[PDB]
Amino acid sequence: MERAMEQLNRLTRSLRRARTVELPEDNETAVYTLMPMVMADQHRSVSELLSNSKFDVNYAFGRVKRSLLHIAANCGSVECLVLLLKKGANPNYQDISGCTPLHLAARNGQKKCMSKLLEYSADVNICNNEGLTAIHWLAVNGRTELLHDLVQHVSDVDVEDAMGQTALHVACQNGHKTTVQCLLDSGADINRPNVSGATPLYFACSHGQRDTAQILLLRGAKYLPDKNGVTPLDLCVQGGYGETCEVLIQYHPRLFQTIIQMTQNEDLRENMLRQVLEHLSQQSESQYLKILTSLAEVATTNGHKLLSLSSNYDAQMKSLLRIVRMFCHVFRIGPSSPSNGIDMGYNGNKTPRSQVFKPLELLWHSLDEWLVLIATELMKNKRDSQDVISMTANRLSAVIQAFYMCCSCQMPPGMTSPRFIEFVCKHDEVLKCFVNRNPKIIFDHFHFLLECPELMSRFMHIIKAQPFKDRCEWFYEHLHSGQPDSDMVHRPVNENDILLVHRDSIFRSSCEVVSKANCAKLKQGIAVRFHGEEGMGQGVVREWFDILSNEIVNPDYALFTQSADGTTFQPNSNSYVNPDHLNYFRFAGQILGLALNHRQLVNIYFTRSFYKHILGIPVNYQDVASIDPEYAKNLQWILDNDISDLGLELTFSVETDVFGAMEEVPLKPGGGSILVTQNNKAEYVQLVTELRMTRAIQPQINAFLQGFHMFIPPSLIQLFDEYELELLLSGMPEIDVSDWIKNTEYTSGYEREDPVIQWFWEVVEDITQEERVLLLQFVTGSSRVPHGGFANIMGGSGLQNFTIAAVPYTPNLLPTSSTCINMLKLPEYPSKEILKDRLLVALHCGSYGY
């Protein structure tokens with residue numbers, strides 16, 4: 001058979017060293033003298049031949065200071081151990097490690113070996129130098145049935161290890177149940193404390209173990225704390241261990257309520273309790289409602305106490321909100337059936353809303369009363385006015401946030417609560433006193449209320465009379481201190497996402513590289529690199545933007561063209577000729593947010609119209625001057641003379657090239673047959689402006705916004721106008737006043753030093769920086785200069801100069817501008833008081849309408 005080699009050569013090695021020889025005088029050879037023979041099952045014959053000998057095993061061999069008796073416990077034979085025990089070989093003799101032969105047979109499971117040592121009265125209590133013993137060694141090793149056969153021979157089981165831990169305390173820490181099954185049968189103590197008071201119970205919950213804690217309760221363990229007071233319960237929380245907590249509750253239902261009281265404990269990890277409750281909510285519906293209803297009684301308590309003027313603000317204020325993010329989170333998970341998964345809570349299925357929101361309503365009735373005060377206050381105090389607005393308005397704004405957080409749970413994604421709406425209009429006169437009191441509360445408490453887009457759409461009540469010098473700080477303050485739509489605050493960190501740039505053609509190459517790379521991966525110092533060239537750590541970056549700036553307007557690509565003013569750029573309507581047409585546009589919009597979000601500027605300026613579309617704003621008829629003034633004039637004739645005197649009627653459906661034939665298409669959808677009624681030409685002026693650009697462009701423009709919106713929240717930059725926006729991109733320009741004085745050209749009636757003009761510039765010197773800059777746009781659109789300055793005016797109608805002309809009339813009329821000529825136009829203001837009254841007043845309303 002296969003193991004016959006072992007059968008034969010067990011007899012052979014007897015012959016090969018048959019003649020007897022005494023063991024070595026040295027410690028190195030004795031292990032060499034017998035170790036193969038013991039393994040080779042000579043254990044009986046060696047016990048026969050070494051019955052006559054003169055050496056002892058305890059003269060330990062080699063560096064390790066072990067014995068063959070340790071090997072005797074290893075290799076698993078007794079008949080040699082018969083003779084070894086006749087010699088009196090001390091089992092409790094130890095290595096340098098302090099270990100025994102027993103631990104080997106324990107480690108190896110040689111049962112009969114473990115027996116005979118105790119027949120020699122082995123001191124089991126001798127721990128090694130590490131402080132661990134056999135019984136400890138086995139429970140961890142999960143070897144129980146021997147431990148039944150072992151522990152029976154001793155009564156000192158309670159005797160601890162070096163540190164005080166019993167094997168029972170160990171097994172619970174490891175979850176070795178059947179081990180524990182035997183130890184208790186063998187007379188183990190249950191509530192035996194460690195030095196710290198740690199029962200085996202405390203150890204199990206630390207480990208997150210279920211089934212053993214079930215058992216200790218059956219056999220009648222006790223729920224106790226440690227020395228410092230920490231319970232088993234606080235562990236499973238800190239562990240996130242849900243199912244173990246469920247077991248305790250079957251035997252101590254008082255604990256459920258204790259959980260709920262933990263949520264107002266600041267020290268805990270909110271992202272652990274979600275594991276617990278979200279688990280128990282799924283456990284059963286009869287538990288489910290008890291949870292939500294139980295949460296609210298804490299909320300209703302804290303709120304009335306929050307409104308109490310004695311309570312400290314910041315403490316309770318999180319303690320409330322620390323609850324509701326779950327309470328919202330649970331309802332969107334919805335009612336889960338008894339011992340079964342989720343149910344929706346649809347109509348007819350018990351109306352969860354009928355009960356759970358009920359305890360709260362006192363909070364909202366309580367709420368409205370204070371606001372009713374303030375209305376009577378503000379209305380009746382307006383002539384004779386610490387003020388409660390100054391004192392406690394910070395508090396209420398905590399609660400109003402609670403009223404959007406709750407109501408938006410019982411509506412679908414992205415859909416507004418109607419009940420919230422009516423609440424706003426009732427008190428709209430009051431809320432405006434808070435925003436003017438503190439504008440940037442809008443970022444913290446009223447965040448979603450006024451920056452969720454469809455609400456921002458609806459809640460323009462406030463966004464206008466939102467003060468505007470607020471914006472003046474906020475070109476930069478809410479860029480540098482962030483723009484908190486949850487993400488313009490901190491960045492991720494990314495290193496190994498390097499871009500290989502193709503210097504020879506960056507545009508087409510980088511089109512690919514970006515569309516691969518992911519979004520948040522690029523909100524950091526971008527790893528700009530070329531093919532096989534380091535160049536610079538990051539200073540190379542600026543080449544990438546600055547160069548792409550001129551390559552988008554690379555006219556051979558046919559993306560953009562100049563205005564009639566020759567200075568500003570706009571998208572080419574006939575760009576449809578391209579084979580690949582739209583995909584390039586998407587590349588652009590991805591750029592600008594990165595120039596923005598990393599707050600480095602760009603040198604290009606576009607036409608004023610193109611900004612109005614980005615902000616979703618409508619166009620006016622002046623915006624046609626970029627493409628062709630003649631239509632703008634032709635549209636002006638319509639306003640110059642009403643249709644009452646008109647003989648040539650217009651059609652509301654006109655031949656137009658849209659990258660096709662001169663197709664006559666309706667100006668209004670379907671109503672292409674009507675004509676210019678006296679009450680209808682306003683729309684005719686309107687749609688010719690819109691649908692000349694829109695219909696030709698709208699497939700193009702949108703791809704730009706998909707990427708520009710990718711890295712930017714649209715809800716924020718509705719903040720800015722169209723005249724504040726171009727400055728974040730190309731920087732606040734420089735203005736030499738003298739250079740602007742010298743290049744003037746006075747004409748059409750005015751002389752260069754009449755009283756009015758001397759008094760004009762007197763007003764300008766009083767003006768700020770962000771208003772003179774808007775004057776320039778009002779007459780040139782363009783907002784910034786070339787190198788040579790105003791002496792090197794780009795002009796556009798040629799490189800012509802900042803010019804002025806007259807339109808004489810009494811001060812009733814206001815200024816006007818002609819852009820392409822880069823000329824200003826002024827009705828006369830015949831006095832310095834007229835100037836000091838009308839001009840100072842006329843410029844502002846003239847320089848911008850609200």
# chains A, B, ... in the order shown; residues from 1 in each chain; ligands from 1
$ select_by_dssp --residues "segment 576-750 of chain A" --states "helix (DSSP H, G or I)" --output "ChimeraX atom specification"
/A:576-577,583-597,608-614,621-626,629-640,643-645,681-708,714-717,725-730,737-742
$ closest_atom_pairs --of "segment 573-651 of chain A" --to "segment 498-516 of chain A" --cutoff "12 Å" --atoms "only C-alpha atoms" --output "tab-separated table"
residue	atom	partner	partner_atom	distance
A:580	CA	A:508	CA	11.1
A:582	CA	A:511	CA	11.9
A:583	CA	A:511	CA	8.4
A:584	CA	A:511	CA	7.3
A:585	CA	A:511	CA	10.0
A:586	CA	A:511	CA	9.0
A:587	CA	A:511	CA	6.2
A:588	CA	A:511	CA	9.4
A:589	CA	A:511	CA	11.8
A:590	CA	A:514	CA	8.7
A:591	CA	A:514	CA	9.9
$ residues_around --residues "segment 142-156 of chain A" --least-positions-apart "2" --cutoff "12 Å" --atoms "only C-alpha atoms" --output "ChimeraX atom specification"
/A:102,105-119,121-125,134-140,158-161,166-168,170-172,174-189
$ residues_around --residues "residue 705 of chain A" --least-positions-apart "2" --cutoff "12 Å" --atoms "only C-alpha atoms" --output "ChimeraX atom specification"
/A:582,585-593,610-611,613-616,698-703,707-714
$ write_last_selection --atoms "N, CA, C and O atoms" --output "compact mmCIF listing (two decimals), in the first residue's frame"
# COMPACT_ATOMS: atom_id res chain seq x y z
N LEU A 582 -21.22 70.81 -32.03
CA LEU A 582 -21.62 71.13 -30.67
C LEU A 582 -20.57 70.75 -29.65
O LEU A 582 -20.38 71.46 -28.66
N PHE A 585 -18.34 73.28 -28.17
CA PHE A 585 -18.93 74.28 -27.29
C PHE A 585 -18.91 73.82 -25.84
O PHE A 585 -18.63 74.61 -24.94
N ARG A 586 -19.18 72.53 -25.62
CA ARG A 586 -19.20 72.01 -24.26
C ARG A 586 -17.84 72.16 -23.61
O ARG A 586 -17.74 72.30 -22.38
N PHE A 587 -16.77 72.13 -24.41
CA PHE A 587 -15.44 72.26 -23.84
C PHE A 587 -15.28 73.61 -23.17
O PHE A 587 -14.72 73.71 -22.07
N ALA A 588 -15.83 74.66 -23.78
CA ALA A 588 -15.63 76.01 -23.30
C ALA A 588 -16.19 76.19 -21.90
O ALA A 588 -15.48 76.63 -20.99
N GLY A 589 -17.46 75.86 -21.72
CA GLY A 589 -18.12 76.09 -20.45
C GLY A 589 -17.45 75.36 -19.30
O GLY A 589 -17.53 75.80 -18.16
N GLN A 590 -16.76 74.27 -19.60
CA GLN A 590 -16.02 73.58 -18.56
C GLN A 590 -14.83 74.41 -18.09
O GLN A 590 -14.35 74.24 -16.97
N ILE A 591 -14.36 75.32 -18.94
CA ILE A 591 -13.16 76.08 -18.62
C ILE A 591 -13.45 77.09 -17.54
O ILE A 591 -12.75 77.17 -16.52
N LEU A 592 -14.50 77.88 -17.73
CA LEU A 592 -14.61 79.16 -17.05
C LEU A 592 -14.81 78.98 -15.56
O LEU A 592 -14.28 79.76 -14.76
N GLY A 593 -15.54 77.95 -15.16
CA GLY A 593 -15.70 77.69 -13.74
C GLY A 593 -14.38 77.42 -13.06
O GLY A 593 -14.22 77.66 -11.86
N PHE A 610 -24.33 88.04 -24.77
CA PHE A 610 -24.02 86.66 -24.44
C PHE A 610 -23.99 86.44 -22.93
O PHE A 610 -24.19 85.31 -22.47
N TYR A 611 -23.75 87.49 -22.15
CA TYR A 611 -23.82 87.31 -20.70
C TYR A 611 -25.26 87.21 -20.25
O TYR A 611 -25.57 86.47 -19.31
N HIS A 613 -27.69 85.73 -21.50
CA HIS A 613 -28.28 84.42 -21.69
C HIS A 613 -27.82 83.48 -20.60
O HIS A 613 -28.56 82.59 -20.17
N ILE A 614 -26.58 83.66 -20.15
CA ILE A 614 -26.02 82.80 -19.12
C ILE A 614 -26.83 82.90 -17.85
O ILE A 614 -27.08 81.90 -17.16
N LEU A 615 -27.26 84.11 -17.51
CA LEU A 615 -28.05 84.35 -16.32
C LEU A 615 -29.53 84.11 -16.56
O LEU A 615 -30.34 84.46 -15.69
N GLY A 616 -29.91 83.54 -17.70
CA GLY A 616 -31.30 83.26 -17.97
C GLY A 616 -32.15 84.49 -18.12
O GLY A 616 -33.36 84.43 -17.88
N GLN A 698 -29.75 78.55 -30.13
CA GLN A 698 -30.15 77.76 -28.96
C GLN A 698 -29.59 76.35 -28.91
O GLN A 698 -29.27 75.88 -27.81
N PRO A 699 -29.45 75.60 -30.01
CA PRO A 699 -28.73 74.33 -29.91
C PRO A 699 -27.27 74.49 -29.56
O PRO A 699 -26.67 73.55 -29.02
N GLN A 700 -26.68 75.64 -29.87
CA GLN A 700 -25.27 75.86 -29.60
C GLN A 700 -25.05 76.27 -28.15
O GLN A 700 -24.19 75.73 -27.45
N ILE A 701 -25.84 77.23 -27.68
CA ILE A 701 -25.62 77.88 -26.40
C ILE A 701 -25.73 76.89 -25.25
O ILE A 701 -25.05 77.03 -24.23
N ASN A 702 -26.58 75.88 -25.40
CA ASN A 702 -26.93 75.04 -24.26
C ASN A 702 -25.76 74.17 -23.86
O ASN A 702 -25.53 73.93 -22.66
N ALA A 703 -25.01 73.67 -24.84
CA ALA A 703 -23.86 72.83 -24.54
C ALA A 703 -22.83 73.60 -23.73
O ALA A 703 -22.10 73.01 -22.92
N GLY A 707 -21.67 72.46 -19.10
CA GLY A 707 -20.39 72.31 -18.44
C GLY A 707 -20.12 73.46 -17.49
O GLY A 707 -19.49 73.29 -16.44
N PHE A 708 -20.62 74.64 -17.83
CA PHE A 708 -20.45 75.77 -16.95
C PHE A 708 -21.26 75.56 -15.68
O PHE A 708 -20.82 75.93 -14.58
N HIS A 709 -22.42 74.93 -15.80
CA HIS A 709 -23.20 74.52 -14.65
C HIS A 709 -22.61 73.32 -13.94
O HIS A 709 -22.98 73.05 -12.79
N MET A 710 -21.71 72.59 -14.60
CA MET A 710 -21.17 71.37 -14.01
C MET A 710 -20.36 71.69 -12.77
O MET A 710 -20.50 71.02 -11.74
N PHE A 711 -19.53 72.73 -12.84
CA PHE A 711 -18.67 73.12 -11.74
C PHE A 711 -19.19 74.31 -10.96
O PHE A 711 -18.51 74.77 -10.04
N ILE A 712 -20.37 74.83 -11.31
CA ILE A 712 -20.91 76.03 -10.69
C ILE A 712 -22.35 75.79 -10.25
O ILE A 712 -23.11 75.14 -10.99
N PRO A 713 -22.79 76.30 -9.11
CA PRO A 713 -24.19 76.27 -8.79
C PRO A 713 -24.92 77.38 -9.52
O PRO A 713 -24.57 78.55 -9.35
N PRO A 714 -25.95 77.08 -10.31
CA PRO A 714 -26.71 78.16 -10.93
C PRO A 714 -27.45 79.01 -9.92
O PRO A 714 -27.81 80.15 -10.24
$ closest_residue --among "A:455, A:391, A:324, A:633" --to "residue 403 of chain A" --atoms "only C-alpha atoms"
A:324
$ residues_around --residues "segment 810-822 of chain A" --least-positions-apart "5" --cutoff "10 Å" --atoms "only C-alpha atoms" --output "PyMOL selection string"
chain A and resi 563-567+622+625-626+629+776-782+793+795-805+827-831+834-835+837-839+841-847
$ residues_around --residues "segment 229-239 of chain A" --least-positions-apart "6" --cutoff "6 Å" --atoms "only C-alpha atoms" --output "list in words"
residues 202, 205 and 206 of chain A
$ write_last_selection --atoms "N, CA and C atoms" --output "compact mmCIF listing (two decimals), in the first residue's frame"
# COMPACT_ATOMS: atom_id res chain seq x y z
N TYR A 202 -19.97 43.07 29.23
CA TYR A 202 -19.27 44.25 28.74
C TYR A 202 -18.34 43.91 27.60
N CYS A 205 -20.39 43.12 23.99
CA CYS A 205 -20.91 44.26 23.25
C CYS A 205 -19.80 45.10 22.65
N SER A 206 -18.65 45.17 23.33
CA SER A 206 -17.46 45.76 22.73
C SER A 206 -17.14 45.11 21.40
$ closest_residue --among "A:377, A:691, A:569, A:318" --to "residue 433 of chain A" --atoms "only C-alpha atoms"
A:377
$ residues_around --residues "residue 731 of chain A" --least-positions-apart "4" --cutoff "12 Å" --atoms "only C-alpha atoms" --output "PyMOL selection string"
chain A and resi 475-476+595-596+599-605+724-727+770+773+783-785
$ closest_residue --among "A:520, A:472, A:639, A:15" --to "residue 490 of chain A" --atoms "only C-alpha atoms"
A:520
$ atom_distance --atom1 "atom CA of residue 36 of chain A" --atom2 "atom CA of residue 92 of chain A"
24.5 Å
$ closest_atom_pairs --of "segment 399-499 of chain A" --to "segment 350-365 of chain A" --cutoff "10 Å" --atoms "only C-alpha atoms" --output "tab-separated table"
residue	atom	partner	partner_atom	distance
A:399	CA	A:364	CA	9.1
A:400	CA	A:364	CA	9.3
A:403	CA	A:364	CA	8.4
A:406	CA	A:357	CA	8.8
A:407	CA	A:357	CA	9.7
A:410	CA	A:353	CA	8.4
$ write_last_selection --atoms "C-alpha atoms" --output "PDB file, in the first residue's frame"
ATOM      1  CA  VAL A 399     -36.951  76.814  13.784  1.00  0.00           C
ATOM      2  CA  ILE A 400     -38.075  78.052  10.390  1.00  0.00           C
ATOM      3  CA  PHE A 403     -40.345  73.903   9.048  1.00  0.00           C
ATOM      4  CA  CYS A 406     -40.124  68.665   7.962  1.00  0.00           C
ATOM      5  CA  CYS A 407     -42.584  69.700   5.259  1.00  0.00           C
ATOM      6  CA  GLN A 410     -43.916  64.562   2.600  1.00  0.00           C
TER       7      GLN A 410
END
$ atom_distance --atom1 "atom CA of residue 141 of chain A" --atom2 "atom CA of residue 191 of chain A"
23.4 Å
